[PDB]
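Form deposited in one PDB entry, single chain, as C-alpha coordinates, below.
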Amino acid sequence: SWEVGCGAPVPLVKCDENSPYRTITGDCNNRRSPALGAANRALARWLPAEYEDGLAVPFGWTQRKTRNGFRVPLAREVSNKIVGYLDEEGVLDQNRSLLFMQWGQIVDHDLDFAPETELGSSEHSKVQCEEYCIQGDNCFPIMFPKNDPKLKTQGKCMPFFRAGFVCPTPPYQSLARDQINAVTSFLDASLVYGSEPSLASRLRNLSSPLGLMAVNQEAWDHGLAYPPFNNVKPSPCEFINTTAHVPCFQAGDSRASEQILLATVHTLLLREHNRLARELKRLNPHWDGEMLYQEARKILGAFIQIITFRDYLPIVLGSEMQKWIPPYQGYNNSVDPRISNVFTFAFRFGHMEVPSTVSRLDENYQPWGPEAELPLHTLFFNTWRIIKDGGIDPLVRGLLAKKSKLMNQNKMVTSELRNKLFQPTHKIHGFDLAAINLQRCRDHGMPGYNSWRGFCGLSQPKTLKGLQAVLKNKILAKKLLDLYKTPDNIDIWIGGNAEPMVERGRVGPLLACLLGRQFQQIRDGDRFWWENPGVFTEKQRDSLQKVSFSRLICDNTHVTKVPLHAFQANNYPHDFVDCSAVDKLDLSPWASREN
(Lines give C-alpha, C1' and ligand atoms only; values in the text may rest on other atoms or scores of the structure.)
Protein backbone atom coordinates (compact mmCIF):
# COMPACT_ATOMS: atom_id res chain seq x y z
CA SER A 1 0.00 0.00 0.00
CA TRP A 2 1.05 3.70 -0.12
CA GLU A 3 0.51 4.32 3.64
CA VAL A 4 -0.76 1.48 5.92
CA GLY A 5 -2.46 2.13 9.31
CA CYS A 6 -4.92 4.66 7.79
CA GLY A 7 -7.79 2.40 8.99
CA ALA A 8 -9.63 4.52 11.59
CA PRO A 9 -12.11 1.77 12.74
CA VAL A 10 -9.33 -0.91 13.02
CA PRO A 11 -9.28 -0.77 16.91
CA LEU A 12 -11.83 -1.58 19.67
CA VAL A 13 -11.75 -5.11 18.13
CA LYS A 14 -11.47 -7.75 20.89
CA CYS A 15 -10.90 -11.37 19.62
CA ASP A 16 -12.16 -14.21 21.90
CA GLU A 17 -9.80 -16.73 20.20
CA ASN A 18 -11.85 -19.71 21.62
CA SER A 19 -15.32 -18.23 20.73
CA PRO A 20 -17.15 -20.85 18.59
CA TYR A 21 -19.09 -17.99 16.83
CA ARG A 22 -18.30 -15.30 14.21
CA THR A 23 -18.34 -11.64 15.27
CA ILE A 24 -21.14 -9.45 13.76
CA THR A 25 -18.40 -7.16 12.23
CA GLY A 26 -16.32 -10.05 10.75
CA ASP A 27 -13.31 -8.98 12.86
CA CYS A 28 -11.35 -11.92 14.44
CA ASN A 29 -11.95 -14.37 11.52
CA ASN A 30 -8.26 -14.21 10.45
CA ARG A 31 -6.09 -14.72 13.62
CA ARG A 32 -2.85 -13.10 12.25
CA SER A 33 -4.72 -10.14 10.55
CA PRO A 34 -7.99 -9.66 12.50
CA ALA A 35 -9.56 -6.81 10.39
CA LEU A 36 -9.44 -8.97 7.16
CA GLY A 37 -13.01 -9.34 5.73
CA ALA A 38 -14.53 -7.16 8.48
CA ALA A 39 -17.15 -4.53 7.51
CA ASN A 40 -16.57 -0.75 7.17
CA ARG A 41 -13.04 -1.28 5.63
CA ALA A 42 -11.66 -0.63 2.09
CA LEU A 43 -12.73 -2.98 -0.73
CA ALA A 44 -9.54 -4.88 -1.74
CA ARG A 45 -7.72 -3.59 -4.90
CA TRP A 46 -6.71 -6.57 -7.14
CA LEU A 47 -5.25 -3.96 -9.56
CA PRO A 48 -4.22 -0.31 -8.93
CA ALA A 49 -7.17 2.13 -9.14
CA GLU A 50 -7.37 4.17 -12.40
CA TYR A 51 -8.53 7.80 -12.00
CA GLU A 52 -7.92 10.71 -14.45
CA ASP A 53 -5.54 12.25 -11.73
CA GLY A 54 -4.16 8.84 -10.48
CA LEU A 55 -5.82 9.37 -7.04
CA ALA A 56 -9.62 9.91 -6.80
CA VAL A 57 -10.88 11.98 -9.81
CA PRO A 58 -13.01 9.61 -11.99
CA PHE A 59 -12.65 9.21 -15.72
CA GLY A 60 -15.34 11.23 -17.56
CA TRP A 61 -15.15 14.07 -14.92
CA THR A 62 -13.02 16.59 -16.93
CA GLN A 63 -14.35 17.22 -20.50
CA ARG A 64 -10.76 17.96 -21.82
CA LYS A 65 -9.13 14.83 -20.21
CA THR A 66 -8.99 11.70 -22.36
CA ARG A 67 -8.64 8.03 -21.34
CA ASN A 68 -5.75 6.76 -23.58
CA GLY A 69 -6.31 9.69 -25.98
CA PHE A 70 -10.14 9.30 -26.36
CA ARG A 71 -13.08 10.93 -24.52
CA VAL A 72 -15.04 8.34 -22.48
CA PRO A 73 -18.67 8.11 -23.68
CA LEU A 74 -21.60 9.30 -21.47
CA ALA A 75 -22.87 6.36 -19.36
CA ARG A 76 -26.50 6.99 -20.51
CA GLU A 77 -25.46 7.02 -24.23
CA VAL A 78 -23.77 3.56 -23.76
CA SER A 79 -27.00 2.52 -21.98
CA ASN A 80 -29.25 3.77 -24.85
CA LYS A 81 -27.13 2.42 -27.75
CA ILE A 82 -25.96 -0.96 -26.32
CA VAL A 83 -27.97 -2.00 -23.21
CA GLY A 84 -31.59 -1.15 -24.12
CA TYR A 85 -34.32 -3.06 -26.02
CA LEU A 86 -38.12 -2.89 -26.59
CA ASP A 87 -39.35 -6.48 -27.17
CA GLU A 88 -39.63 -8.63 -23.98
CA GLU A 89 -40.92 -11.53 -26.15
CA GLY A 90 -38.47 -14.50 -26.17
CA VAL A 91 -36.12 -12.97 -23.53
CA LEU A 92 -36.66 -15.54 -20.70
CA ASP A 93 -34.14 -18.23 -19.63
CA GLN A 94 -35.62 -21.65 -20.62
CA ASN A 95 -33.43 -23.31 -17.87
CA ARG A 96 -33.31 -20.86 -14.87
CA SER A 97 -36.17 -20.14 -12.44
CA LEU A 98 -36.66 -16.51 -11.25
CA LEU A 99 -35.10 -17.82 -7.99
CA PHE A 100 -31.73 -17.98 -9.92
CA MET A 101 -31.81 -14.13 -10.36
CA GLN A 102 -33.11 -13.59 -6.77
CA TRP A 103 -30.50 -15.81 -4.98
CA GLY A 104 -27.81 -13.83 -6.87
CA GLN A 105 -29.06 -10.52 -5.33
CA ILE A 106 -29.27 -12.16 -1.81
CA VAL A 107 -25.66 -13.46 -2.03
CA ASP A 108 -24.46 -10.05 -3.35
CA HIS A 109 -26.11 -8.30 -0.36
CA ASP A 110 -24.35 -10.73 2.06
CA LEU A 111 -20.92 -9.87 0.51
CA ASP A 112 -20.72 -6.17 -0.44
CA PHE A 113 -22.23 -2.65 -0.03
CA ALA A 114 -20.45 0.61 -1.00
CA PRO A 115 -22.81 3.27 0.51
CA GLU A 116 -23.11 6.63 -1.34
CA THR A 117 -21.23 9.53 0.32
CA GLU A 118 -22.96 10.29 3.68
CA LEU A 119 -24.85 13.53 2.78
CA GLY A 120 -28.38 12.71 4.06
CA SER A 121 -28.78 16.05 5.92
CA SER A 122 -31.21 18.35 4.02
CA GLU A 123 -28.91 20.63 1.95
CA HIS A 124 -28.66 22.87 -1.13
CA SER A 125 -26.06 20.17 -2.17
CA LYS A 126 -28.92 17.74 -3.13
CA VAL A 127 -30.64 20.69 -4.97
CA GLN A 128 -27.36 21.64 -6.83
CA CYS A 129 -27.13 17.95 -7.97
CA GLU A 130 -30.78 16.96 -8.71
CA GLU A 131 -32.21 20.39 -9.75
CA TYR A 132 -29.23 22.09 -11.53
CA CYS A 133 -27.12 19.02 -12.65
CA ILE A 134 -23.94 20.77 -11.29
CA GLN A 135 -20.91 18.43 -11.15
CA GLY A 136 -18.89 19.08 -8.02
CA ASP A 137 -17.46 17.33 -4.97
CA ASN A 138 -19.65 14.23 -4.38
CA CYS A 139 -22.19 15.18 -7.14
CA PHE A 140 -21.18 13.37 -10.37
CA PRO A 141 -24.42 13.59 -12.39
CA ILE A 142 -25.32 11.28 -15.35
CA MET A 143 -25.86 13.84 -18.19
CA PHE A 144 -28.36 12.89 -20.99
CA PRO A 145 -26.92 12.69 -24.54
CA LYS A 146 -28.55 14.66 -27.42
CA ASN A 147 -31.88 13.10 -28.57
CA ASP A 148 -32.37 11.23 -25.21
CA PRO A 149 -36.16 11.04 -24.67
CA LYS A 150 -35.54 11.77 -20.97
CA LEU A 151 -34.26 15.27 -22.02
CA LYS A 152 -37.90 16.03 -22.96
CA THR A 153 -39.46 14.73 -19.65
CA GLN A 154 -36.81 14.73 -16.81
CA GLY A 155 -34.38 17.65 -17.48
CA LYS A 156 -30.67 17.35 -18.43
CA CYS A 157 -29.43 14.64 -15.96
CA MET A 158 -30.00 11.96 -13.37
CA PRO A 159 -28.46 12.84 -10.01
CA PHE A 160 -25.61 10.49 -8.88
CA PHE A 161 -23.57 10.78 -5.65
CA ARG A 162 -20.01 9.35 -5.36
CA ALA A 163 -19.46 6.25 -3.17
CA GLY A 164 -18.03 6.73 0.33
CA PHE A 165 -14.30 6.14 0.86
CA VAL A 166 -11.88 5.08 3.63
CA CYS A 167 -9.48 7.35 5.57
CA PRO A 168 -10.73 10.79 6.61
CA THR A 169 -12.69 12.39 3.70
CA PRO A 170 -11.54 16.05 3.10
CA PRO A 171 -8.19 14.81 4.58
CA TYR A 172 -8.02 12.22 1.81
CA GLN A 173 -4.77 10.17 1.63
CA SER A 174 -2.07 10.41 -1.16
CA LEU A 175 -2.80 6.68 -1.94
CA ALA A 176 -5.62 6.36 -4.58
CA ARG A 177 -9.18 6.54 -3.10
CA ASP A 178 -10.67 3.21 -1.86
CA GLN A 179 -14.46 2.81 -1.58
CA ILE A 180 -15.83 1.08 1.59
CA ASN A 181 -17.40 -2.39 1.96
CA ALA A 182 -20.12 -1.68 4.64
CA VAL A 183 -20.95 -5.42 5.11
CA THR A 184 -18.84 -8.47 6.09
CA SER A 185 -16.86 -10.07 3.16
CA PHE A 186 -17.74 -13.54 4.67
CA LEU A 187 -20.79 -15.43 3.36
CA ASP A 188 -22.25 -15.34 6.89
CA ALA A 189 -25.97 -14.24 6.72
CA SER A 190 -24.86 -10.65 7.52
CA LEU A 191 -27.94 -9.57 5.42
CA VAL A 192 -30.20 -11.19 8.13
CA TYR A 193 -28.22 -10.31 11.32
CA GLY A 194 -26.45 -7.05 10.31
CA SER A 195 -22.72 -6.12 10.07
CA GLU A 196 -22.66 -3.61 13.03
CA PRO A 197 -23.41 -4.10 16.79
CA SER A 198 -26.20 -1.45 17.00
CA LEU A 199 -28.26 -2.94 14.21
CA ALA A 200 -27.55 -6.57 15.24
CA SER A 201 -28.99 -5.73 18.74
CA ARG A 202 -31.99 -3.72 17.42
CA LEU A 203 -32.92 -6.75 15.16
CA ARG A 204 -32.96 -9.20 18.10
CA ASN A 205 -35.85 -10.08 20.50
CA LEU A 206 -34.05 -9.51 23.86
CA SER A 207 -37.53 -9.17 25.60
CA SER A 208 -37.45 -12.98 26.11
CA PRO A 209 -34.52 -15.44 26.51
CA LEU A 210 -35.39 -17.47 23.35
CA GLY A 211 -32.69 -16.12 20.95
CA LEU A 212 -35.43 -14.88 18.55
CA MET A 213 -35.13 -12.13 15.93
CA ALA A 214 -37.70 -9.31 16.38
CA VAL A 215 -40.84 -9.74 14.17
CA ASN A 216 -43.54 -7.33 12.93
CA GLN A 217 -46.20 -6.60 15.67
CA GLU A 218 -48.59 -4.73 13.24
CA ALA A 219 -48.90 -7.49 10.53
CA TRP A 220 -48.80 -11.32 10.05
CA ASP A 221 -48.92 -13.72 7.00
CA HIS A 222 -51.48 -16.47 7.96
CA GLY A 223 -49.76 -16.69 11.40
CA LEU A 224 -46.19 -16.47 9.88
CA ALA A 225 -43.81 -13.55 10.70
CA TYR A 226 -42.92 -10.43 8.74
CA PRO A 227 -39.74 -8.50 9.59
CA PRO A 228 -40.17 -5.35 11.76
CA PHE A 229 -40.90 -2.03 9.99
CA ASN A 230 -38.19 0.66 9.68
CA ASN A 231 -39.96 3.50 11.64
CA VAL A 232 -37.55 6.36 10.49
CA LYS A 233 -38.96 9.02 8.01
CA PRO A 234 -39.00 9.67 5.17
CA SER A 235 -39.63 6.01 4.05
CA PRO A 236 -39.43 5.19 0.28
CA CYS A 237 -41.91 2.26 0.81
CA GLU A 238 -44.50 4.81 2.15
CA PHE A 239 -43.54 7.36 -0.54
CA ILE A 240 -44.54 4.94 -3.42
CA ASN A 241 -48.09 4.62 -1.97
CA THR A 242 -49.03 7.27 0.67
CA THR A 243 -52.57 5.70 0.98
CA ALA A 244 -51.30 2.23 2.13
CA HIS A 245 -48.67 3.75 4.54
CA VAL A 246 -46.75 0.40 4.67
CA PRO A 247 -43.11 1.20 5.57
CA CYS A 248 -39.95 -0.68 4.43
CA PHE A 249 -38.76 -3.80 6.32
CA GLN A 250 -35.88 -3.59 8.81
CA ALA A 251 -33.31 -6.36 8.21
CA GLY A 252 -29.54 -7.01 8.64
CA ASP A 253 -28.96 -5.21 5.28
CA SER A 254 -30.37 -1.71 4.49
CA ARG A 255 -31.44 -2.66 0.89
CA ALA A 256 -33.90 -5.47 1.89
CA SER A 257 -37.07 -3.71 0.47
CA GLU A 258 -35.48 -2.55 -2.86
CA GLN A 259 -37.93 -4.95 -4.62
CA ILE A 260 -40.68 -7.30 -3.44
CA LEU A 261 -38.88 -10.62 -4.24
CA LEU A 262 -35.75 -9.46 -2.22
CA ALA A 263 -38.10 -8.61 0.75
CA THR A 264 -39.69 -12.05 0.13
CA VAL A 265 -36.41 -13.99 0.47
CA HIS A 266 -35.39 -11.85 3.50
CA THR A 267 -38.78 -12.88 5.11
CA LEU A 268 -38.00 -16.62 4.47
CA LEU A 269 -34.52 -16.24 6.02
CA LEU A 270 -35.82 -14.35 9.11
CA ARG A 271 -38.57 -17.01 9.59
CA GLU A 272 -35.90 -19.78 9.36
CA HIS A 273 -33.86 -18.25 12.26
CA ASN A 274 -36.93 -18.16 14.66
CA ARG A 275 -37.90 -21.70 13.44
CA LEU A 276 -34.28 -22.84 14.19
CA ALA A 277 -34.26 -20.91 17.55
CA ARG A 278 -37.60 -22.56 18.61
CA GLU A 279 -36.45 -26.11 17.56
CA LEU A 280 -33.04 -25.60 19.31
CA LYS A 281 -34.90 -24.54 22.54
CA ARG A 282 -37.09 -27.75 22.40
CA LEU A 283 -33.93 -29.97 21.92
CA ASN A 284 -31.97 -27.93 24.58
CA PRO A 285 -34.35 -26.32 27.15
CA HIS A 286 -31.19 -25.44 29.21
CA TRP A 287 -29.64 -23.07 26.51
CA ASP A 288 -29.87 -19.25 27.20
CA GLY A 289 -31.01 -16.57 24.63
CA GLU A 290 -27.44 -15.69 23.47
CA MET A 291 -26.62 -19.39 22.71
CA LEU A 292 -30.00 -19.96 20.90
CA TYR A 293 -29.41 -16.78 18.76
CA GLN A 294 -25.74 -17.74 17.97
CA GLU A 295 -26.49 -21.45 17.17
CA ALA A 296 -29.49 -20.59 14.86
CA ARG A 297 -27.28 -17.80 13.30
CA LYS A 298 -24.41 -20.28 12.62
CA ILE A 299 -26.89 -22.80 11.09
CA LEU A 300 -28.41 -20.07 8.79
CA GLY A 301 -24.84 -18.96 7.70
CA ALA A 302 -24.06 -22.61 6.76
CA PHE A 303 -27.40 -22.93 4.85
CA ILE A 304 -26.54 -19.78 2.76
CA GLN A 305 -22.98 -21.13 2.02
CA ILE A 306 -24.30 -24.58 0.92
CA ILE A 307 -27.16 -23.30 -1.35
CA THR A 308 -24.61 -20.82 -2.83
CA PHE A 309 -21.61 -23.19 -3.43
CA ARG A 310 -23.58 -26.47 -4.18
CA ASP A 311 -26.64 -25.17 -6.20
CA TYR A 312 -25.90 -21.58 -7.39
CA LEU A 313 -22.20 -21.17 -8.35
CA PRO A 314 -22.11 -24.33 -10.58
CA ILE A 315 -24.93 -22.97 -12.88
CA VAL A 316 -23.30 -19.46 -12.97
CA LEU A 317 -19.70 -20.53 -13.80
CA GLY A 318 -20.56 -23.73 -15.83
CA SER A 319 -17.36 -25.28 -17.33
CA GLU A 320 -15.21 -22.83 -15.25
CA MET A 321 -16.53 -23.91 -11.79
CA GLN A 322 -13.83 -26.64 -11.50
CA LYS A 323 -10.95 -24.39 -12.71
CA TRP A 324 -11.66 -21.61 -10.05
CA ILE A 325 -13.57 -23.46 -7.26
CA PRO A 326 -12.13 -26.99 -6.97
CA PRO A 327 -13.28 -29.20 -4.06
CA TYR A 328 -12.63 -27.71 -0.57
CA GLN A 329 -9.15 -28.72 0.84
CA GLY A 330 -9.73 -26.80 4.13
CA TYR A 331 -9.21 -23.33 5.71
CA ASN A 332 -6.14 -21.42 4.42
CA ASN A 333 -5.16 -18.43 6.67
CA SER A 334 -2.87 -17.00 3.88
CA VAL A 335 -5.95 -16.38 1.59
CA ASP A 336 -7.34 -12.78 1.45
CA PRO A 337 -11.07 -13.10 2.26
CA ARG A 338 -11.82 -9.42 1.36
CA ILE A 339 -14.31 -8.63 -1.46
CA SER A 340 -12.52 -6.81 -4.31
CA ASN A 341 -13.78 -3.50 -5.74
CA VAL A 342 -14.02 -5.21 -9.24
CA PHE A 343 -16.22 -8.08 -7.83
CA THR A 344 -18.85 -5.45 -6.82
CA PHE A 345 -19.20 -4.76 -10.60
CA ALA A 346 -18.70 -8.36 -11.91
CA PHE A 347 -21.61 -9.59 -9.68
CA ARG A 348 -23.82 -6.92 -11.35
CA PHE A 349 -24.32 -9.56 -14.10
CA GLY A 350 -27.71 -10.29 -12.26
CA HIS A 351 -29.16 -7.02 -13.62
CA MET A 352 -29.36 -8.56 -17.11
CA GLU A 353 -31.17 -11.60 -15.54
CA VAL A 354 -34.02 -9.44 -14.13
CA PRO A 355 -37.22 -9.85 -16.18
CA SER A 356 -39.87 -7.15 -16.79
CA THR A 357 -42.68 -8.59 -14.57
CA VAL A 358 -43.36 -10.38 -11.23
CA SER A 359 -46.32 -12.82 -10.81
CA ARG A 360 -48.46 -13.90 -7.81
CA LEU A 361 -49.59 -17.57 -8.33
CA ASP A 362 -52.30 -19.48 -6.34
CA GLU A 363 -52.09 -23.09 -4.92
CA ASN A 364 -52.65 -24.44 -8.52
CA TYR A 365 -49.79 -22.17 -9.80
CA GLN A 366 -52.40 -20.16 -11.84
CA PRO A 367 -52.75 -16.34 -11.74
CA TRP A 368 -53.49 -15.16 -8.14
CA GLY A 369 -56.33 -12.59 -8.62
CA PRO A 370 -56.89 -10.31 -11.66
CA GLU A 371 -53.62 -8.24 -11.26
CA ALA A 372 -51.48 -11.43 -10.78
CA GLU A 373 -48.67 -10.16 -13.12
CA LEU A 374 -47.22 -6.69 -12.25
CA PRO A 375 -44.56 -4.58 -14.02
CA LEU A 376 -41.31 -4.72 -11.97
CA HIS A 377 -41.06 -0.83 -11.78
CA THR A 378 -44.25 -0.76 -9.61
CA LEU A 379 -42.50 -3.11 -7.10
CA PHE A 380 -39.41 -1.05 -6.15
CA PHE A 381 -39.63 -0.23 -2.38
CA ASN A 382 -43.02 -2.02 -2.35
CA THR A 383 -44.01 -3.71 0.95
CA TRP A 384 -47.80 -2.88 0.62
CA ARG A 385 -48.32 -5.50 -2.19
CA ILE A 386 -46.92 -8.11 0.28
CA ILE A 387 -48.81 -6.99 3.47
CA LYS A 388 -52.21 -6.18 1.83
CA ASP A 389 -52.19 -8.45 -1.33
CA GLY A 390 -51.75 -12.11 -0.23
CA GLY A 391 -48.43 -12.24 1.71
CA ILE A 392 -45.27 -14.25 0.66
CA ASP A 393 -46.87 -17.52 -0.62
CA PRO A 394 -48.04 -16.24 -4.07
CA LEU A 395 -44.64 -14.48 -4.67
CA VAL A 396 -42.72 -17.65 -3.60
CA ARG A 397 -44.70 -19.71 -6.15
CA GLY A 398 -43.80 -17.08 -8.82
CA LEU A 399 -40.10 -17.44 -7.82
CA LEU A 400 -40.38 -21.25 -8.49
CA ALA A 401 -42.60 -21.40 -11.63
CA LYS A 402 -41.46 -18.19 -13.46
CA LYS A 403 -38.13 -17.83 -15.28
CA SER A 404 -35.12 -15.50 -14.93
CA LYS A 405 -34.37 -13.21 -17.91
CA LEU A 406 -31.55 -14.62 -20.12
CA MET A 407 -28.70 -12.18 -20.81
CA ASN A 408 -28.72 -11.40 -24.54
CA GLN A 409 -26.17 -9.27 -26.49
CA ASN A 410 -29.22 -7.63 -28.24
CA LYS A 411 -31.45 -7.44 -25.08
CA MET A 412 -29.26 -6.71 -22.06
CA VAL A 413 -31.26 -4.82 -19.33
CA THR A 414 -35.09 -4.51 -19.21
CA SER A 415 -36.42 -0.92 -19.49
CA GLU A 416 -38.05 -1.56 -16.02
CA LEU A 417 -34.45 -1.04 -14.59
CA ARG A 418 -32.95 0.94 -17.55
CA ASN A 419 -35.66 3.73 -17.72
CA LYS A 420 -38.00 3.25 -14.72
CA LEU A 421 -35.73 2.63 -11.66
CA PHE A 422 -36.85 4.36 -8.43
CA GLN A 423 -34.11 5.54 -6.05
CA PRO A 424 -35.00 6.61 -2.47
CA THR A 425 -34.95 10.48 -2.10
CA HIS A 426 -35.40 10.86 -5.93
CA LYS A 427 -39.23 10.35 -5.88
CA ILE A 428 -39.44 9.37 -9.65
CA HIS A 429 -39.57 6.02 -11.58
CA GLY A 430 -37.10 7.55 -14.06
CA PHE A 431 -33.55 6.21 -13.31
CA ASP A 432 -31.19 3.98 -15.38
CA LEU A 433 -29.42 1.16 -13.43
CA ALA A 434 -27.14 0.47 -16.46
CA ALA A 435 -26.00 4.14 -16.71
CA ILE A 436 -25.59 4.12 -12.88
CA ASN A 437 -23.46 0.92 -13.12
CA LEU A 438 -21.14 2.53 -15.74
CA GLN A 439 -20.85 5.86 -13.80
CA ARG A 440 -20.10 3.77 -10.64
CA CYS A 441 -17.30 1.84 -12.47
CA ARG A 442 -15.64 5.24 -13.13
CA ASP A 443 -16.44 6.57 -9.59
CA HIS A 444 -14.64 3.47 -8.12
CA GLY A 445 -11.53 3.96 -10.29
CA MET A 446 -12.00 0.71 -12.30
CA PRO A 447 -9.32 -0.43 -14.74
CA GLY A 448 -10.78 -0.99 -18.21
CA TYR A 449 -11.85 -4.18 -20.05
CA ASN A 450 -8.36 -5.11 -21.40
CA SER A 451 -6.64 -4.62 -17.95
CA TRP A 452 -9.08 -7.25 -16.54
CA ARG A 453 -8.69 -9.55 -19.66
CA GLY A 454 -4.90 -9.40 -18.90
CA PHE A 455 -5.54 -10.06 -15.15
CA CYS A 456 -7.47 -13.24 -16.17
CA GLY A 457 -4.84 -14.51 -18.70
CA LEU A 458 -7.23 -13.70 -21.63
CA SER A 459 -6.54 -12.06 -25.03
CA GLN A 460 -6.66 -8.22 -25.15
CA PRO A 461 -8.35 -7.22 -28.43
CA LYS A 462 -6.88 -3.99 -29.89
CA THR A 463 -8.95 -3.80 -33.14
CA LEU A 464 -12.60 -3.84 -34.28
CA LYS A 465 -11.84 -7.29 -35.82
CA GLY A 466 -10.25 -8.62 -32.56
CA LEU A 467 -13.23 -7.45 -30.45
CA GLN A 468 -15.72 -9.05 -32.91
CA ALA A 469 -13.95 -12.42 -32.40
CA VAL A 470 -13.95 -12.23 -28.52
CA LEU A 471 -17.66 -11.08 -28.44
CA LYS A 472 -18.58 -13.42 -31.41
CA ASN A 473 -20.75 -10.50 -32.50
CA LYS A 474 -19.89 -8.02 -35.32
CA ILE A 475 -22.60 -5.37 -34.62
CA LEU A 476 -22.12 -5.20 -30.77
CA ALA A 477 -18.28 -4.82 -31.22
CA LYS A 478 -18.89 -2.00 -33.80
CA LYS A 479 -21.37 -0.17 -31.47
CA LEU A 480 -18.93 -0.52 -28.49
CA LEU A 481 -15.95 0.77 -30.57
CA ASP A 482 -18.06 3.65 -32.04
CA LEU A 483 -18.57 4.92 -28.42
CA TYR A 484 -15.27 3.71 -26.87
CA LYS A 485 -12.63 4.17 -29.56
CA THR A 486 -10.43 1.38 -28.11
CA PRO A 487 -11.37 -1.79 -26.16
CA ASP A 488 -8.89 -0.50 -23.45
CA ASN A 489 -11.54 2.16 -22.56
CA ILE A 490 -14.62 -0.18 -22.33
CA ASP A 491 -15.98 -0.01 -18.71
CA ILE A 492 -15.58 -3.46 -16.98
CA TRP A 493 -19.40 -3.80 -16.27
CA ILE A 494 -20.43 -3.58 -19.98
CA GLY A 495 -17.23 -5.32 -21.30
CA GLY A 496 -17.63 -8.28 -18.92
CA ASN A 497 -21.36 -8.70 -19.63
CA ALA A 498 -20.96 -8.34 -23.48
CA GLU A 499 -18.99 -11.67 -23.66
CA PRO A 500 -20.90 -14.80 -24.75
CA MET A 501 -21.68 -17.22 -21.86
CA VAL A 502 -19.42 -20.25 -21.10
CA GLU A 503 -20.83 -23.78 -21.63
CA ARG A 504 -23.38 -24.64 -18.86
CA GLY A 505 -22.95 -21.13 -17.29
CA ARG A 506 -24.59 -17.66 -17.39
CA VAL A 507 -21.44 -15.45 -17.61
CA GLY A 508 -18.58 -15.21 -20.10
CA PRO A 509 -14.89 -16.11 -19.61
CA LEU A 510 -13.79 -12.74 -18.03
CA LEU A 511 -16.65 -12.69 -15.41
CA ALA A 512 -16.19 -16.45 -14.71
CA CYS A 513 -12.53 -15.65 -13.78
CA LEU A 514 -13.32 -12.50 -11.66
CA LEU A 515 -16.30 -14.22 -9.87
CA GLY A 516 -14.57 -17.64 -9.60
CA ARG A 517 -11.47 -16.16 -7.88
CA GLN A 518 -13.61 -14.09 -5.47
CA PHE A 519 -15.81 -17.05 -4.41
CA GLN A 520 -12.70 -19.33 -4.08
CA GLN A 521 -11.25 -16.73 -1.63
CA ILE A 522 -14.41 -16.24 0.48
CA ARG A 523 -14.54 -20.05 0.95
CA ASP A 524 -10.76 -20.74 1.45
CA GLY A 525 -10.11 -17.62 3.61
CA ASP A 526 -13.07 -18.17 6.03
CA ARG A 527 -12.15 -19.70 9.49
CA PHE A 528 -15.94 -20.36 10.05
CA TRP A 529 -16.59 -22.01 6.64
CA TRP A 530 -19.16 -24.75 7.43
CA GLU A 531 -17.04 -27.71 6.12
CA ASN A 532 -13.88 -26.58 8.05
CA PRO A 533 -13.13 -29.30 10.68
CA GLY A 534 -14.21 -28.17 14.18
CA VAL A 535 -16.82 -25.58 13.02
CA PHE A 536 -19.57 -28.26 12.90
CA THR A 537 -19.44 -31.93 14.14
CA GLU A 538 -19.42 -34.66 11.39
CA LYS A 539 -23.08 -35.49 12.34
CA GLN A 540 -24.06 -31.76 12.09
CA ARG A 541 -22.53 -31.82 8.53
CA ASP A 542 -24.37 -35.00 7.32
CA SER A 543 -27.56 -33.07 8.38
CA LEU A 544 -26.51 -29.68 6.77
CA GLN A 545 -25.66 -31.56 3.49
CA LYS A 546 -29.43 -32.14 2.87
CA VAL A 547 -30.54 -28.42 3.10
CA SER A 548 -32.33 -27.02 0.01
CA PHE A 549 -34.23 -23.84 -1.01
CA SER A 550 -37.36 -26.07 -1.52
CA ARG A 551 -37.06 -27.20 2.14
CA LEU A 552 -36.63 -23.56 3.33
CA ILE A 553 -39.92 -22.80 1.48
CA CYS A 554 -41.73 -25.94 2.85
CA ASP A 555 -40.76 -25.03 6.48
CA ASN A 556 -41.49 -21.25 6.38
CA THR A 557 -44.63 -20.80 4.18
CA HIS A 558 -47.91 -22.66 3.41
CA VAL A 559 -46.50 -23.60 -0.05
CA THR A 560 -46.81 -27.47 -0.10
CA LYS A 561 -45.88 -28.13 -3.80
CA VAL A 562 -42.12 -27.48 -4.61
CA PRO A 563 -39.52 -28.67 -7.18
CA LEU A 564 -36.49 -30.84 -6.15
CA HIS A 565 -34.10 -28.53 -8.19
CA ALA A 566 -35.47 -25.01 -7.47
CA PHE A 567 -32.87 -23.09 -9.61
CA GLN A 568 -33.71 -24.88 -12.88
CA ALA A 569 -36.82 -23.86 -14.91
CA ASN A 570 -39.69 -25.92 -13.31
CA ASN A 571 -43.32 -26.18 -14.62
CA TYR A 572 -46.40 -27.12 -12.48
CA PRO A 573 -47.43 -29.82 -11.89
CA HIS A 574 -44.93 -32.06 -13.82
CA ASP A 575 -41.67 -30.82 -12.06
CA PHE A 576 -43.41 -30.30 -8.67
CA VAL A 577 -43.70 -32.85 -5.78
CA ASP A 578 -45.19 -32.63 -2.25
CA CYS A 579 -43.04 -31.15 0.59
CA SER A 580 -43.10 -34.65 2.23
CA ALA A 581 -40.79 -35.92 -0.64
CA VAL A 582 -38.11 -33.17 0.09
CA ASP A 583 -35.23 -33.92 2.55
CA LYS A 584 -35.48 -32.25 6.02
CA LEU A 585 -32.74 -30.57 8.13
CA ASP A 586 -32.35 -33.20 10.91
CA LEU A 587 -31.55 -30.96 13.96
CA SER A 588 -31.08 -34.11 16.16
CA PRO A 589 -27.24 -33.61 16.18
CA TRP A 590 -27.57 -30.18 18.01
CA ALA A 591 -29.16 -32.11 20.95
CA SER A 592 -26.61 -31.26 23.72
CA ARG A 593 -26.78 -33.64 26.74
CA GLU A 594 -24.39 -31.24 28.58
CA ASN A 595 -24.35 -32.84 32.13
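In this text, the rigid core denotes the largest set of C-alpha atoms whose superposition between the two forms falls within 1.5 Å. From 1 onward, residues are counted along the sequence shown.
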The stretch whose C-alpha atoms carry the larger average B-factor in the entry, 201 to 209 or 476 to 484, is 201 to 209
If you average the CA temperature factors over each stretch, which comes out higher, 171 to 179 or 503 to 511? 171 to 179
Pick out which of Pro141, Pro370, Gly430, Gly84 has the highest C-alpha B-factor in the PDB entry. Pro370
Highest Cα B-factor in the PDB entry belongs to which of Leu98, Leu191, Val78, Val166? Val166
What third of its chain, lowest, middle or highest, does the C-alpha temperature factor of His124 fall into? highest
Classify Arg297 as lowest, middle or highest third according to the C-alpha B-factor given in the PDB entry, relative to its own chain. middle
Which third, lowest, middle or highest, does the C-alpha temperature factor of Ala219 belong to within its own chain? highest
Sorting the chain's modelled residues by C-alpha B-factor and splitting them into thirds places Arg45 in the lowest
Would you check the entry's CA temperature factor for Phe113 and let me know if it's in the chain's lowest, middle or highest third? lowest
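Missing here is the form deposited in another entry; even so, the following discussion is about that form.
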Given a rigid core superposition of the two forms, which one of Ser121, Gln217, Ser334, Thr153 has its CA shift by 2 angstroms or more between this form and the one not shown? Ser121
Classify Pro171 as shifted (yes) or not shifted (no) between this form and the one not shown, where shifted means its C-alpha moves by 2 Å or more with the rigid core superposed. yes
Indicate closer or farther: the Cα atoms of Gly120 and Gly252, in the other entry, relative to the displayed form, with a change of 3 Å or more. farther
Inter-Cα distance between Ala182 and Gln173 in the other entry, nearer or further [3 Å or more]: farther
